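Just below is one structure, and these are the notes that go with it.
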Amino acid sequence: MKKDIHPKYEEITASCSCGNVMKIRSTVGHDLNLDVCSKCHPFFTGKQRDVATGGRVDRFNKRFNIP
Amino acid sequence: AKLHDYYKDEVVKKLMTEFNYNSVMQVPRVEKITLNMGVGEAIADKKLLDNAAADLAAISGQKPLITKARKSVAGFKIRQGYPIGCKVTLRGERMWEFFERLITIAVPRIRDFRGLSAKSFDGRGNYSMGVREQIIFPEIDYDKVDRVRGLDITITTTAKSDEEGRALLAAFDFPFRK
Amino acid sequence: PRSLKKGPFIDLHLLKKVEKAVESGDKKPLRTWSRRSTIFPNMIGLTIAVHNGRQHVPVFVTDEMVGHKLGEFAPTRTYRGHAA
Amino acid sequence: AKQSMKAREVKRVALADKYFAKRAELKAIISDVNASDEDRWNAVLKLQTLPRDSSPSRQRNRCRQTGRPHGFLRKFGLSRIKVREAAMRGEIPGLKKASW
Amino acid sequence: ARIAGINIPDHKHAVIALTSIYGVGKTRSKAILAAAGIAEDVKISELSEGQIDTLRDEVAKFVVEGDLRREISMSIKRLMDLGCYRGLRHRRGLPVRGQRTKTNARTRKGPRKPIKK
RNA sequence: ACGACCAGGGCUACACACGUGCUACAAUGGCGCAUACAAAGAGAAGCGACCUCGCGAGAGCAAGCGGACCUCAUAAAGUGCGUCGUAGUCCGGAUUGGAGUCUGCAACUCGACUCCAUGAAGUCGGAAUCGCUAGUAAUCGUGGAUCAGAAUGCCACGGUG
Ligand SMILES: [Mg+2]
Ligand SMILES: [Mg+2]
Ligand SMILES: [Mg+2]
Ligand SMILES: [Mg+2]
Ligand SMILES: [Mg+2]
Ligand SMILES: [Mg+2]
Ligand SMILES: [Mg+2]
Ligand SMILES: [Zn+2]
């Protein structure tokens, strides 16, 4: 690849909330926290993911228990 | 890289039994991934295309090629040779790393994601999809983006038909609508 | 908003209908006038027809909609501009 | 005002008197910190079930003679016009024109 | 000096100077100074570098600057994407928190228009 | 049916123009801390002390009061001390994001209030035009009626002058 024309591309780590850590080469430069990946996305998994902190559904349950 | 090793280690065996290919050189393989942004508003502002190019460079890691109008078109007020687009061809390790990053991180990020279409195969096994918001990629920070844009992703394969193209992408757990 | 100590508010008839829709497939839209009821997680994926005062506007529930009222997704007034 | 509007206010007073105790018990359950959340939920739904007119907050003070929904004075139970008329006719004890 | 990527003014007393950081207002600034243990009537110029390093940690304890701006932008995008009332009002630049539109509403609308004619 | 009952919506719309207000544009001021002096009123499905909990709005417990007894209810401008230092600012507080609280079957349209963040316009207003001759104008706070809740309106009250 031509030298000095491409953005700095280096290996980084992406940690999903579920705790799945993936080693991906990328241009971000800083380690990045992730809220959802292919492993825990409901459509890919085929099952509703465990409610993660911050989600509107999660907030509704913590503040009030429906039963 | 990790996704390339998966293709040789797992995908070739699955396809060879499924389609009964006699030669390992007959299994479909991914050639290139082309990222395209049509900045048709570049006519009003040159900077808008530069910003799009910067976004494409952040998303893939390669300087984008600024595509120009093939012919003057009076309908869109474009004249032959005007820079109105950006494109990036990904091959090799960089292709396999973009593919991995896409399915693993960006695809599970589109709001109201019901699955990618499975009829978008072009008849020759080359898949094409269109991201309507670029903020799905982790390199695109929403704070410093001038305007939200979109990108066309084309995955060109050596597959002979649509069955063989769907199978190769399916073997990589591509999220088809099913 | 409504005090947390009180808990989220939902109409009883709508609550009944939604629970029946979870039990059966009930893809069919739920035609209701309860625009004051809060959106609960067990309604995600369902189509609720909320009244705008003249017509029931269909609304497909999503995850970001939980905790909001139904009436927030059925505009009641039609403004298309002044000179137009 | 209209006869229908007076009938409505009589029904509201009746339903609020008939259900005063039922509503009070549910509201105390709903506001009771100690009470179980399951009990609070049942009490909330039960209050929703009870008639709306049973709420005392749906009662508009109206002039007793006429039914006017505006200008009510609570001491007299009348609108400004009927209060003035009675004051001038001497039918309200102690009510005289005030200058200070 | 420079905290959270911005330079707090030297002449200003510490409490007012910290307010310059986005995401910091008199209440957070007063707390930061109580937690670090620095008197509010000290100028940033009087403050030593080591104290400034402590303040930077306290500022990190709170989302500020770009991380906050992004959060606000994303929330506004959430409302507009959802299609709620408050999202359509953000779309039309019309007041979102109830309010009247017949008159006033010029902070949201900006300067008046010549009746589009 | 131009009668009657109900559930939602509207009367709160918004290129715009006007009437009447409120709050400003600051240093005769802002803010912090300490501290002084009112009048007039309201209150039983009510006013609700003390104490405790919460940054707070508020909450829990609970006395008294049908009242010159108790409660709303600790007036504020003032004064003393510091700070700010003429800057769109330690001015201004509109707008908006996040989190609440209370009332009410129910606060989405469309309540008030709180907390954290944000920090518009505005640097004294053209032609014009309004009020006021003394405890008045100006300024500062207080109460009431309506009222579940919802005043910058209204009706009252005193402080300086
Ligand atoms: Mg009549
Ligand atoms: Mg009422
Ligand atoms: Mg009605
Ligand atoms: Mg009106
Ligand atoms: Mg200020
Ligand atoms: Mg008395
Ligand atoms: Mg200006
Ligand atoms: Zn995950």
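Naming: A, B, ... by sequence-line order, numbering from 1 per chain.
With centroids closer than 5.5 Å and planes inclined by less than 30 degrees as the test, C/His82 and the base of F/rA15 pass as a stacked pair.
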**OP:** Do nucleotides 49-57 of chain F as a string where each nucleotide becomes B, S or -: B if the base has a protein heavy atom under 4.0 Å, S if just the sugar-phosphate does, - if no protein is that close.
**Re:** ---------
Original post:
How does protein reach along nucleotides 100-117 of chain F, written 5' to 3' as B (base within reach of a heavy atom under 4.0 Å), S (only sugar-phosphate), or - (no contact)?
Top reply: BBB-BBSSBBS-----SS
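At the heavy-atom level, C/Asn52 lies under 4.0 Å from the strands shown only through sugar-phosphate atoms.
Checked against D/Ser54 for a side-chain hydrogen bond (donor to acceptor under 3.5 Å, both in side chains), the options D/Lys22, D/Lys18, D/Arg23 give a single hit: D/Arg23.
For A/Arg56, counting side-chain heavy atoms from C-beta on, the closest listed nucleotide (F/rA94, F/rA99, F/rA17) is F/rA99.
Residue pairs meeting the salt bridge (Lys or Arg N to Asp or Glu O under 4.0 Å) criterion with at least one member in residues 68-82 of chain E, sequence neighbours excluded: B/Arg111-E/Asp81, B/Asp141-E/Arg70, C/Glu64-E/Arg78, E/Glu65-E/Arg69, E/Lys77-E/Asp81.
A salt bridge does not link B/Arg149 with B/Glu133: every distance from a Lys NZ or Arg NE/NH1/NH2 to an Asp or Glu carboxylate oxygen is 4.0 Å or more.
Distance alone, capped at 3.5 Å, places no donor-acceptor pair between the C/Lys69 side chain and the C/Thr38 backbone. A donor-acceptor pair is defined here as one N or O able to donate and one able to accept, closer than 3.5 Å; no such pair exists between the side chain of D/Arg84 and the backbone of D/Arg80. Between the side chain of D/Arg68 and the main chain of D/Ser79, no donor-acceptor pair closer than 3.5 Å is present.
Base pair annotation for F/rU35 with F/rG78: paired, by the Watson-Crick or G-U wobble rule (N1-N3 plus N6-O4 or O6-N4, or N1-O2 plus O6-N3, under 3.5 Å). The bases F/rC65 and F/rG46 are paired, Watson-Crick or G-U wobble, with both atom distances under 3.5 Å. A Watson-Crick or G-U wobble pair links F/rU96 to F/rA117, both relevant atom distances lying under 3.5 Å.
Judged by the sign of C1'-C2'-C3'-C4', F/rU89 carries a south-puckered sugar.
Between the side chains of C/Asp11 and C/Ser34, a donor-acceptor pair is found at a separation under 3.5 Å.
Near-neighbour residues of RNA chain F inside residues 68-83 of chain D, defined by a heavy atom below 4.0 Å, number-ordered: D/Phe72, D/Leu73, D/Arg74.
Listed by chain and number, the residues in a salt bridge (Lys or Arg N to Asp or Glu O under 4.0 Å) with D/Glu9 are D/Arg12, D/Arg62 (sequence neighbours excluded). Partners of C/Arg80 according to the side chain to side chain donor-acceptor pair (under 3.5 Å) rule, which considers only residues two or more places apart in sequence or in another chain, are C/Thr78.
For F/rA15, one of the phosphate oxygens OP1 or OP2 lies less than 4.0 angstrom from a side-chain nitrogen or oxygen of E/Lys109.
In a base pair of the Watson-Crick type (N1 to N3 plus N6-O4 or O6-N4) or a G-U wobble (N1-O2 and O6-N3), with each distance short of 3.5 Å, F/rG58 is matched with F/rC53. When both pairing distances are held under 3.5 Å, F/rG158 makes a Watson-Crick or G-U pair with F/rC140. Base pairing analysis places F/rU114 opposite F/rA99; the two distances defining the Watson-Crick or G-U wobble pair are each below 3.5 Å.
Between C/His68 and C/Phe73, the two ring planes are tilted [angle within 30° to 60°].
Enclosure of atom NZ in E/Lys113 by more than 12 non-hydrogen atoms of other residues, nucleotides or ligands within 6.0 angstrom is indicated.
Remark: bases of strand neighbours F/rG98 and F/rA99 are stacked by the 5.5 Å centre distance and 30° plane angle definition.
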